[PDB]
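Worksheet: the structure to be examined is printed underneath.
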Amino acid sequence: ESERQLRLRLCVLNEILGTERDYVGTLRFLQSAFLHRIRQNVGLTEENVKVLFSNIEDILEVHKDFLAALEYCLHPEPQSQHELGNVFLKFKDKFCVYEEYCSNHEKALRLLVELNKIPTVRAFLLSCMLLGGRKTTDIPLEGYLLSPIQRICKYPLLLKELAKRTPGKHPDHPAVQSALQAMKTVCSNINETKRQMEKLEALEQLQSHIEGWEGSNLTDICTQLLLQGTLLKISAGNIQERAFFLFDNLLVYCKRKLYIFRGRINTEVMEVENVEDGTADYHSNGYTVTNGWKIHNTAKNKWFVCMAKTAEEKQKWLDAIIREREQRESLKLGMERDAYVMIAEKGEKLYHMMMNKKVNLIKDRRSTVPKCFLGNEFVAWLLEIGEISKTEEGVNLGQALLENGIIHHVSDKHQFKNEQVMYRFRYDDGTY
């Protein structure tokens with residue numbers, strides 16, 4: 001099985017590199033979309049930025065060199081002979097940059113909650129993420145502000161797995177084990193990361209007590225266990241008692257023996273339905289249901305019935321299941337509502353701003369095309385007027401206007417580009 005422990009090591013190496021790359025990119029997005037753009041065109045005060053982002057720029061400079069040494073050891077590719085323990089050890093002292101950030105984290109969130117109450121500041125914050133390239137309906141800024149705390153806690157989890165796939169023969173063995181101990185002591189010193197590490201430890205401890213795990217690791221999809229309990233899975237032809245675990249974003253049912261993995265469901269495709277005590281239907285295999293409900297895997301269009309011992313447990317479960325749905329569905333729908341309002345606002349604003357003869361850009365050009373403007377001119381005018389800083393920001397803005405039904409190509413055959421492609425506001429041609 002030596003080759004098994006080999007490909008397994010490379011997967012760890014490939015992951016450490018690929019995840020570190022996406023981390024630095026996330027840091028490089030936070031400064032360009034936020035810290036840099038406001039430090040140029042000076043409703044977000046300077047103190048507001050210092051509170052929200054703290055030393056995120058110092059964290060970047062550290063991880064910009066970490067990634068270099070990571071790619072340095074893993075050149076030309078992630079090869080098994082390559083050693084990575086020394087890298088973590090010679091950056092172990094530089095990781096104290098997380099001290100100030102994790103301290104200011106609570107204060108930053110408190111500010112963000114009050115800033116999001118102001119509609120103009122919420123829109124500006126969301127406008128920064130749009131211009132920076134990243135989608136606004138995906139991860140909220142609260143999550144971006146936390147990813148430093150998450151990343152520094154993902155290092156012990158990654159090094160542990162690497163140490164498992166690294167034999168005592170490999171010269172990196174004394175270093176990987178020494179680096180794992182050092183990375184743990186880093187997180188343990190900081191209070192904010194200590195709470196995070198113990199929350200990730202719980203997810204991984206549970207996954208270790210489950211045999212035959214299939215799918216993505218809990219530490220990569222969930223954050224906390226919501227409810228655990230043993231129920232009856234009256235699936236078609238299989239009425240067996242199962243141990244159910246409800247996390248955020250995932251539900252998994254196991255076979256109690258420690259547990260043995262049986263199946264898992266993503267809560268996004270899960271739809272529950274109550275069955276009154278005394279009901280008997282096909283999903284219950286004909287048996288009378290008491291203190292039970294019904295689950296529907298809308299991905300597979302499969303229904304299966306759960307039953308609890310007490311009616312308290314039924315309510316305890318049904319209540320916890322509804323909460324998870326509402327919590328994530330409110331966030332998602334909320335980010336998607338607060339993002340349409342800024343585009344509609346900026347769309348109507350830039351329309352009237354462009355209609356004035358000071359910078360007339362929606363001119364009837366030529367067959368004649370009425371009330372059209374040029375993408376090249378539009379992007380340039382945005383930088384002149386100061387609404388954007390880079391040109392990549394201008395196309396990201398125009399595309400968001402095209403996608404959100406504000407503008408469109410004259411022939412609806414092109415997306416937004418910095419070329420002299422003619423676009424028109426959907427107001428002028430009655431398509432709004």
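Please note that chains go A, B, ... in the order of the structure tokens, that every chain numbers its residues from 1, and that ligands are numbered from 1 in the order shown.
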Which residues of region 362-381 of chain A come within 7 Å of region 421-428 of chain A, and what is each one's closest atom pair and distance in Å (one decimal), counting only C-alpha atoms, sorted by chain and residue number, as JSON lines?
{"residue": "A:371", "atom": "CA", "partner": "A:424", "partner_atom": "CA", "distance": 6.5}
{"residue": "A:372", "atom": "CA", "partner": "A:424", "partner_atom": "CA", "distance": 4.6}
{"residue": "A:373", "atom": "CA", "partner": "A:423", "partner_atom": "CA", "distance": 5.4}
{"residue": "A:374", "atom": "CA", "partner": "A:422", "partner_atom": "CA", "distance": 4.7}
{"residue": "A:375", "atom": "CA", "partner": "A:421", "partner_atom": "CA", "distance": 5.7}
* List the neighbours of region 405-419 of chain A out to 12 Å using only C-alpha atoms; skip same-chain residues closer than 2 positions along the sequence, and give me the result as a PyMOL selection string. => chain A and resi 340-351+362+364-366+368-382+390-403+421-432
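The spacing separating CA of residue 100 (chain A) from CA of residue 54 (chain A) amounts to 7.4 Å.
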* To do: May I have the residues within 12 Å of residue 69 (chain A) as an MDAnalysis selection string, using only C-alpha atoms and disregarding those fewer than 4 positions away in the same chain?
  => chainID A and resid 17 20 62:65 73:75 82:91
Once you have the residues from the selection above, write them out as a PDB file, in the first residue's frame, restricted to N, CA, C and O atoms.
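In the end it all went to again-v5.pdb:
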ATOM      1  N   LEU A  17      -1.098  23.730  -1.632  1.00  0.00           N
ATOM      2  CA  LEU A  17      -0.737  24.745  -2.614  1.00  0.00           C
ATOM      3  C   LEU A  17      -1.974  25.426  -3.186  1.00  0.00           C
ATOM      4  O   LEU A  17      -2.077  26.658  -3.178  1.00  0.00           O
ATOM      5  N   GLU A  20      -3.739  27.586  -0.645  1.00  0.00           N
ATOM      6  CA  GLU A  20      -2.969  28.783  -0.327  1.00  0.00           C
ATOM      7  C   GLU A  20      -3.055  29.805  -1.452  1.00  0.00           C
ATOM      8  O   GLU A  20      -3.059  31.015  -1.201  1.00  0.00           O
ATOM      9  N   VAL A  62       2.841  38.602   4.374  1.00  0.00           N
ATOM     10  CA  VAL A  62       3.388  37.367   4.929  1.00  0.00           C
ATOM     11  C   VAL A  62       3.048  36.184   4.031  1.00  0.00           C
ATOM     12  O   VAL A  62       3.918  35.381   3.672  1.00  0.00           O
ATOM     13  N   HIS A  63       1.777  36.061   3.649  1.00  0.00           N
ATOM     14  CA  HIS A  63       1.346  34.919   2.854  1.00  0.00           C
ATOM     15  C   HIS A  63       1.763  35.021   1.394  1.00  0.00           C
ATOM     16  O   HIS A  63       1.731  34.010   0.687  1.00  0.00           O
ATOM     17  N   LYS A  64       2.142  36.211   0.926  1.00  0.00           N
ATOM     18  CA  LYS A  64       2.710  36.316  -0.412  1.00  0.00           C
ATOM     19  C   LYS A  64       4.075  35.649  -0.485  1.00  0.00           C
ATOM     20  O   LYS A  64       4.440  35.096  -1.527  1.00  0.00           O
ATOM     21  N   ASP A  65       4.833  35.682   0.611  1.00  0.00           N
ATOM     22  CA  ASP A  65       6.133  35.025   0.632  1.00  0.00           C
ATOM     23  C   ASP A  65       5.999  33.551   0.988  1.00  0.00           C
ATOM     24  O   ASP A  65       6.771  32.717   0.499  1.00  0.00           O
ATOM     25  N   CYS A  73       9.370  24.889  -2.988  1.00  0.00           N
ATOM     26  CA  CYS A  73       9.621  23.488  -2.668  1.00  0.00           C
ATOM     27  C   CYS A  73       8.905  22.550  -3.630  1.00  0.00           C
ATOM     28  O   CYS A  73       9.419  21.471  -3.938  1.00  0.00           O
ATOM     29  N   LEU A  74       7.725  22.935  -4.111  1.00  0.00           N
ATOM     30  CA  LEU A  74       6.893  22.078  -4.952  1.00  0.00           C
ATOM     31  C   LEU A  74       7.107  22.344  -6.438  1.00  0.00           C
ATOM     32  O   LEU A  74       6.147  22.381  -7.214  1.00  0.00           O
ATOM     33  N   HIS A  75       8.362  22.527  -6.866  1.00  0.00           N
ATOM     34  CA  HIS A  75       8.704  22.803  -8.253  1.00  0.00           C
ATOM     35  C   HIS A  75       9.416  21.602  -8.869  1.00  0.00           C
ATOM     36  O   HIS A  75      10.283  21.002  -8.225  1.00  0.00           O
ATOM     37  N   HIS A  82       9.439  16.017  -2.278  1.00  0.00           N
ATOM     38  CA  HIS A  82       9.541  17.397  -1.834  1.00  0.00           C
ATOM     39  C   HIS A  82       9.196  17.516  -0.354  1.00  0.00           C
ATOM     40  O   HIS A  82       8.327  16.813   0.169  1.00  0.00           O
ATOM     41  N   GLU A  83       9.898  18.420   0.323  1.00  0.00           N
ATOM     42  CA  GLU A  83       9.716  18.647   1.748  1.00  0.00           C
ATOM     43  C   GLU A  83       9.065  20.004   1.974  1.00  0.00           C
ATOM     44  O   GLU A  83       9.425  20.992   1.328  1.00  0.00           O
ATOM     45  N   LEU A  84       8.104  20.045   2.900  1.00  0.00           N
ATOM     46  CA  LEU A  84       7.362  21.264   3.190  1.00  0.00           C
ATOM     47  C   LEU A  84       7.353  21.653   4.661  1.00  0.00           C
ATOM     48  O   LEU A  84       6.809  22.714   4.989  1.00  0.00           O
ATOM     49  N   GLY A  85       7.925  20.840   5.549  1.00  0.00           N
ATOM     50  CA  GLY A  85       7.858  21.150   6.968  1.00  0.00           C
ATOM     51  C   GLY A  85       8.681  22.365   7.345  1.00  0.00           C
ATOM     52  O   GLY A  85       8.293  23.140   8.223  1.00  0.00           O
ATOM     53  N   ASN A  86       9.829  22.550   6.687  1.00  0.00           N
ATOM     54  CA  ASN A  86      10.689  23.685   7.005  1.00  0.00           C
ATOM     55  C   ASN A  86      10.003  25.012   6.709  1.00  0.00           C
ATOM     56  O   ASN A  86      10.278  26.015   7.379  1.00  0.00           O
ATOM     57  N   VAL A  87       9.114  25.038   5.713  1.00  0.00           N
ATOM     58  CA  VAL A  87       8.459  26.286   5.333  1.00  0.00           C
ATOM     59  C   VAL A  87       7.613  26.808   6.485  1.00  0.00           C
ATOM     60  O   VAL A  87       7.685  27.987   6.850  1.00  0.00           O
ATOM     61  N   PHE A  88       6.793  25.933   7.074  1.00  0.00           N
ATOM     62  CA  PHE A  88       5.946  26.341   8.189  1.00  0.00           C
ATOM     63  C   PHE A  88       6.774  26.746   9.400  1.00  0.00           C
ATOM     64  O   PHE A  88       6.362  27.615  10.176  1.00  0.00           O
ATOM     65  N   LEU A  89       7.948  26.134   9.570  1.00  0.00           N
ATOM     66  CA  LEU A  89       8.764  26.397  10.750  1.00  0.00           C
ATOM     67  C   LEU A  89       9.447  27.758  10.665  1.00  0.00           C
ATOM     68  O   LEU A  89       9.579  28.455  11.677  1.00  0.00           O
ATOM     69  N   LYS A  90       9.893  28.156   9.473  1.00  0.00           N
ATOM     70  CA  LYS A  90      10.564  29.441   9.325  1.00  0.00           C
ATOM     71  C   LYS A  90       9.593  30.593   9.100  1.00  0.00           C
ATOM     72  O   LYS A  90      10.030  31.748   9.024  1.00  0.00           O
ATOM     73  N   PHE A  91       8.296  30.308   9.004  1.00  0.00           N
ATOM     74  CA  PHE A  91       7.251  31.317   9.076  1.00  0.00           C
ATOM     75  C   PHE A  91       6.481  31.272  10.386  1.00  0.00           C
ATOM     76  O   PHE A  91       5.514  32.022  10.543  1.00  0.00           O
TER      77      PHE A  91
END
* Write out as a VMD selection string the residues lying within 7 Å of residue 29 (chain A), counting only C-alpha atoms and excluding same-chain residues fewer than 4 positions away. => chain A and resid 25 33 132
* List the neighbours of residue 251 (chain A) out to 12 Å using only C-alpha atoms; skip same-chain residues closer than 4 positions along the sequence, and give me the result as a ChimeraX atom specification. => /A:218,221-222,224-229,243-247,261-271,295,297,317,320-321,324-325
Extract, using only C-alpha atoms, all DNA, RNA and protein residues at most 12 Å from residue 55 (chain A), discarding same-chain residues fewer than 6 positions from it, and format them as a PDB file with N, CA, C and O atoms, in the first residue's frame.
ATOM      1  N   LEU A  27      -7.164  37.527  -0.347  1.00  0.00           N
ATOM      2  CA  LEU A  27      -6.560  38.685   0.301  1.00  0.00           C
ATOM      3  C   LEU A  27      -6.286  39.793  -0.707  1.00  0.00           C
ATOM      4  O   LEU A  27      -6.539  40.972  -0.432  1.00  0.00           O
ATOM      5  N   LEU A  30      -9.422  41.632  -1.391  1.00  0.00           N
ATOM      6  CA  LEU A  30      -9.936  42.498  -0.335  1.00  0.00           C
ATOM      7  C   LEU A  30      -9.253  43.860  -0.340  1.00  0.00           C
ATOM      8  O   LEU A  30      -9.891  44.878  -0.049  1.00  0.00           O
ATOM      9  N   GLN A  31      -7.963  43.914  -0.673  1.00  0.00           N
ATOM     10  CA  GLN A  31      -7.296  45.212  -0.695  1.00  0.00           C
ATOM     11  C   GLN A  31      -7.666  46.011  -1.941  1.00  0.00           C
ATOM     12  O   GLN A  31      -7.901  47.221  -1.860  1.00  0.00           O
ATOM     13  N   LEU A  35      -9.595  48.372   0.371  1.00  0.00           N
ATOM     14  CA  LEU A  35      -8.585  49.251   0.954  1.00  0.00           C
ATOM     15  C   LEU A  35      -7.976  50.187  -0.082  1.00  0.00           C
ATOM     16  O   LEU A  35      -7.780  51.379   0.180  1.00  0.00           O
ATOM     17  N   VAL A  49     -12.598  51.857   7.785  1.00  0.00           N
ATOM     18  CA  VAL A  49     -11.809  50.858   7.071  1.00  0.00           C
ATOM     19  C   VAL A  49     -10.752  50.259   7.990  1.00  0.00           C
ATOM     20  O   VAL A  49     -10.521  49.043   7.989  1.00  0.00           O
ATOM     21  N   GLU A  61       1.189  40.346   2.966  1.00  0.00           N
ATOM     22  CA  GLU A  61       2.624  40.355   2.692  1.00  0.00           C
ATOM     23  C   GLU A  61       3.300  39.100   3.225  1.00  0.00           C
ATOM     24  O   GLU A  61       4.232  38.576   2.603  1.00  0.00           O
ATOM     25  N   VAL A  62       2.841  38.602   4.374  1.00  0.00           N
ATOM     26  CA  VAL A  62       3.388  37.367   4.929  1.00  0.00           C
ATOM     27  C   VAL A  62       3.048  36.184   4.031  1.00  0.00           C
ATOM     28  O   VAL A  62       3.918  35.381   3.672  1.00  0.00           O
ATOM     29  N   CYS A  96       2.454  35.664  13.862  1.00  0.00           N
ATOM     30  CA  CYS A  96       1.897  36.478  14.934  1.00  0.00           C
ATOM     31  C   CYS A  96       1.213  37.729  14.416  1.00  0.00           C
ATOM     32  O   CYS A  96       0.696  38.511  15.221  1.00  0.00           O
ATOM     33  N   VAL A  97       1.200  37.935  13.098  1.00  0.00           N
ATOM     34  CA  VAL A  97       0.419  39.018  12.522  1.00  0.00           C
ATOM     35  C   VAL A  97      -1.058  38.822  12.785  1.00  0.00           C
ATOM     36  O   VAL A  97      -1.821  39.791  12.768  1.00  0.00           O
ATOM     37  N   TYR A  98      -1.481  37.581  13.026  1.00  0.00           N
ATOM     38  CA  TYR A  98      -2.878  37.268  13.284  1.00  0.00           C
ATOM     39  C   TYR A  98      -3.331  37.736  14.661  1.00  0.00           C
ATOM     40  O   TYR A  98      -4.531  37.687  14.951  1.00  0.00           O
ATOM     41  N   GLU A  99      -2.402  38.183  15.511  1.00  0.00           N
ATOM     42  CA  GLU A  99      -2.762  38.656  16.844  1.00  0.00           C
ATOM     43  C   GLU A  99      -3.716  39.842  16.765  1.00  0.00           C
ATOM     44  O   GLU A  99      -4.823  39.807  17.313  1.00  0.00           O
ATOM     45  N   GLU A 100      -3.292  40.908  16.082  1.00  0.00           N
ATOM     46  CA  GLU A 100      -4.096  42.124  16.016  1.00  0.00           C
ATOM     47  C   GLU A 100      -5.405  41.887  15.272  1.00  0.00           C
ATOM     48  O   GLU A 100      -6.466  42.360  15.695  1.00  0.00           O
ATOM     49  N   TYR A 101      -5.345  41.162  14.152  1.00  0.00           N
ATOM     50  CA  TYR A 101      -6.546  40.927  13.356  1.00  0.00           C
ATOM     51  C   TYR A 101      -7.608  40.179  14.157  1.00  0.00           C
ATOM     52  O   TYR A 101      -8.773  40.594  14.204  1.00  0.00           O
ATOM     53  N   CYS A 102      -7.224  39.074  14.799  1.00  0.00           N
ATOM     54  CA  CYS A 102      -8.197  38.288  15.552  1.00  0.00           C
ATOM     55  C   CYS A 102      -8.716  39.044  16.767  1.00  0.00           C
ATOM     56  O   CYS A 102      -9.831  38.777  17.232  1.00  0.00           O
ATOM     57  N   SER A 103      -7.928  39.978  17.297  1.00  0.00           N
ATOM     58  CA  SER A 103      -8.412  40.812  18.392  1.00  0.00           C
ATOM     59  C   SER A 103      -9.492  41.768  17.905  1.00  0.00           C
ATOM     60  O   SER A 103     -10.559  41.886  18.521  1.00  0.00           O
ATOM     61  N   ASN A 104      -9.236  42.451  16.790  1.00  0.00           N
ATOM     62  CA  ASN A 104     -10.156  43.435  16.238  1.00  0.00           C
ATOM     63  C   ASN A 104     -11.338  42.814  15.507  1.00  0.00           C
ATOM     64  O   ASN A 104     -12.186  43.563  15.008  1.00  0.00           O
ATOM     65  N   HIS A 105     -11.423  41.484  15.432  1.00  0.00           N
ATOM     66  CA  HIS A 105     -12.461  40.857  14.619  1.00  0.00           C
ATOM     67  C   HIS A 105     -13.856  41.177  15.145  1.00  0.00           C
ATOM     68  O   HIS A 105     -14.760  41.509  14.369  1.00  0.00           O
ATOM     69  N   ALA A 108     -14.842  44.730  14.418  1.00  0.00           N
ATOM     70  CA  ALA A 108     -15.116  44.941  13.001  1.00  0.00           C
ATOM     71  C   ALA A 108     -16.520  44.484  12.632  1.00  0.00           C
ATOM     72  O   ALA A 108     -17.225  45.167  11.882  1.00  0.00           O
ATOM     73  N   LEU A 145     -14.216  38.589   5.882  1.00  0.00           N
ATOM     74  CA  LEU A 145     -13.483  39.089   7.037  1.00  0.00           C
ATOM     75  C   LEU A 145     -13.032  37.966   7.961  1.00  0.00           C
ATOM     76  O   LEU A 145     -12.126  38.172   8.775  1.00  0.00           O
ATOM     77  N   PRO A 148      -9.339  34.783   7.133  1.00  0.00           N
ATOM     78  CA  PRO A 148      -8.036  34.682   7.813  1.00  0.00           C
ATOM     79  C   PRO A 148      -8.064  33.791   9.040  1.00  0.00           C
ATOM     80  O   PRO A 148      -7.145  32.991   9.248  1.00  0.00           O
TER      81      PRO A 148
END
* To do: Return as a PyMOL selection string the full set of residues in region 209-376 of chain A whose backbone-based DSSP assignment is strand (DSSP E).
  => chain A and resi 210-211+225-235+238-247+250-256+259-266+270-275+292-297+302-307+363-365+369-374
Tell me, which residues of region 38-194 of chain A carry DSSP alpha helix (DSSP H), written as a compact mmCIF listing (two decimals) with C-alpha atoms, in the first residue's frame?
# COMPACT_ATOMS: atom_id res chain seq x y z
CA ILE A 38 -11.08 54.11 -1.09
CA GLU A 46 -11.04 56.04 6.95
CA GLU A 47 -11.46 54.91 10.57
CA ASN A 48 -14.25 52.59 9.41
CA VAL A 49 -11.81 50.86 7.07
CA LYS A 50 -9.09 50.62 9.72
CA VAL A 51 -11.59 48.89 12.02
CA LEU A 52 -13.10 46.52 9.45
CA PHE A 53 -9.89 45.26 7.83
CA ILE A 56 -5.21 42.40 6.47
CA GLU A 57 -2.50 44.04 4.37
CA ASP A 58 0.26 42.78 6.68
CA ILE A 59 -1.28 39.29 6.58
CA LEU A 60 -1.08 39.46 2.78
CA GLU A 61 2.62 40.35 2.69
CA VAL A 62 3.39 37.37 4.93
CA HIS A 63 1.35 34.92 2.85
CA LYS A 64 2.71 36.32 -0.41
CA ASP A 65 6.13 35.02 0.63
CA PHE A 66 4.74 31.82 2.16
CA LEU A 67 3.20 30.90 -1.20
CA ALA A 68 6.53 31.57 -2.91
CA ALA A 69 8.33 29.14 -0.59
CA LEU A 70 5.43 26.71 -1.06
CA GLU A 71 5.75 26.87 -4.84
CA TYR A 72 9.54 26.89 -4.38
CA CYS A 73 9.62 23.49 -2.67
CA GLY A 85 7.86 21.15 6.97
CA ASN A 86 10.69 23.69 7.00
CA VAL A 87 8.46 26.29 5.33
CA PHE A 88 5.95 26.34 8.19
CA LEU A 89 8.76 26.40 10.75
CA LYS A 90 10.56 29.44 9.33
CA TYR A 98 -2.88 37.27 13.28
CA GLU A 99 -2.76 38.66 16.84
CA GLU A 100 -4.10 42.12 16.02
CA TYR A 101 -6.55 40.93 13.36
CA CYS A 102 -8.20 38.29 15.55
CA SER A 103 -8.41 40.81 18.39
CA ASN A 104 -10.16 43.43 16.24
CA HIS A 105 -12.46 40.86 14.62
CA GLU A 106 -15.37 41.34 17.03
CA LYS A 107 -15.15 45.14 16.81
CA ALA A 108 -15.12 44.94 13.00
CA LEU A 109 -18.29 42.84 12.87
CA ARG A 110 -20.03 45.20 15.30
CA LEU A 111 -19.24 48.08 12.93
CA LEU A 112 -20.35 46.10 9.88
CA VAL A 113 -23.76 45.40 11.43
CA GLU A 114 -24.38 49.12 11.94
CA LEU A 115 -22.97 50.05 8.53
CA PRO A 119 -28.56 51.75 2.80
CA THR A 120 -25.88 53.87 1.10
CA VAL A 121 -22.96 52.25 2.94
CA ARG A 122 -24.34 48.75 2.36
CA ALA A 123 -24.59 49.53 -1.35
CA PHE A 124 -21.05 50.93 -1.48
CA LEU A 125 -19.69 47.84 0.28
CA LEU A 126 -21.51 45.57 -2.17
CA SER A 127 -20.40 47.82 -5.03
CA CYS A 128 -16.78 47.21 -4.02
CA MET A 129 -17.16 43.44 -4.40
CA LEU A 130 -18.87 43.83 -7.79
CA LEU A 131 -16.11 46.04 -9.21
CA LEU A 141 -18.17 40.29 3.51
CA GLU A 142 -18.70 38.83 6.99
CA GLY A 143 -17.34 35.60 5.54
CA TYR A 144 -14.45 37.35 3.79
CA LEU A 145 -13.48 39.09 7.04
CA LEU A 146 -13.36 35.67 8.73
CA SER A 147 -11.35 33.67 6.15
CA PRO A 148 -8.04 34.68 7.81
CA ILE A 149 -9.22 33.06 11.04
CA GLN A 150 -10.36 30.02 9.07
CA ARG A 151 -7.12 29.67 7.08
CA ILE A 152 -4.73 29.78 10.04
CA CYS A 153 -6.91 27.06 11.59
CA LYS A 154 -6.85 24.95 8.41
CA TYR A 155 -3.04 24.61 8.63
CA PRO A 156 -2.93 22.12 11.56
CA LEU A 157 -5.71 20.14 9.87
CA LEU A 158 -3.67 19.99 6.66
CA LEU A 159 -0.35 19.23 8.36
CA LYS A 160 -1.89 16.40 10.39
CA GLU A 161 -3.04 14.68 7.20
CA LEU A 162 0.35 15.29 5.58
CA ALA A 163 2.10 13.75 8.60
CA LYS A 164 -0.10 10.67 8.23
CA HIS A 173 9.03 13.54 8.94
CA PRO A 174 10.81 15.32 11.85
CA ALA A 175 9.91 18.68 10.29
CA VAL A 176 6.24 17.99 9.50
CA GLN A 177 5.65 16.78 13.05
CA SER A 178 7.56 19.74 14.50
CA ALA A 179 5.64 22.17 12.28
CA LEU A 180 2.28 20.64 13.25
CA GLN A 181 3.10 21.17 16.93
CA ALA A 182 4.14 24.76 16.19
CA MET A 183 1.05 25.57 14.11
CA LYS A 184 -1.15 24.23 16.92
CA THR A 185 0.59 26.41 19.52
CA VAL A 186 0.05 29.42 17.24
CA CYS A 187 -3.72 28.89 17.08
CA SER A 188 -3.89 27.97 20.77
CA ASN A 189 -2.34 31.29 21.86
CA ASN A 191 -8.26 33.26 21.68
CA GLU A 192 -10.34 33.78 18.53
CA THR A 193 -8.52 31.02 16.65
CA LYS A 194 -8.64 28.71 19.69
